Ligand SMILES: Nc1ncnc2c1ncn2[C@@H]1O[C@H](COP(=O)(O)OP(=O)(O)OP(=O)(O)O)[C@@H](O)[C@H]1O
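What follows is a single chain, given as structure tokens, in the form deposited without the named molecule.
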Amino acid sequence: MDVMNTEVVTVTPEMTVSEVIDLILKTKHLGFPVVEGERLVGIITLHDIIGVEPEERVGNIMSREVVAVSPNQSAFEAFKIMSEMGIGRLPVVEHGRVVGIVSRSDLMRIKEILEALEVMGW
């Protein structure tokens, strides 16, 4: 899939809210896939850690319902899913293992250049 980031920032169910906030401050990501090794087990967002004690573990806060896409799908399918579900990031998994991630932020900038493009083709 195009517009896929292979350097995914993930967390484990045993990491604490405190360490996740440090990942947010470091990587500027507002959400992370939860993994056991590379196997996707959940998703966590900035909204989930609102008012949560910093010692709380991720596994008790994360959502186990995780929407994902396959590397065989296109960036336009991921854009459609993120627009339909209202989410800002979409993990890309293959055989249950996270192989990448697609952000709504990247595809929103990809739509702009597409409009900037296609005026040279006339």
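Numbers for residues come from their place in the sequence shown, where the first is 1.
Unshown form solved in complex with the named molecule; subsequent notes refer to it.
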{"property": "The named molecule: the contacting residue among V92, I43, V58, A78 in the deposited complex [heavy atom, 4.5 Å]", "result": "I43"}
{"property": "is_contact(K26, the named molecule) in the deposited complex, heavy atom dist at most 4.5 Å", "result": "no"}
{"property": "Contact label in the deposited complex: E84 to the named molecule, heavy atom within 4.5 Å", "result": "no"}
{"property": "The named molecule contact at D48 in the deposited complex, heavy atom, 4.5 Å", "result": "yes"}
{"property": "4.5 Å heavy atom contact, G88 and the named molecule in the deposited complex", "result": "yes"}
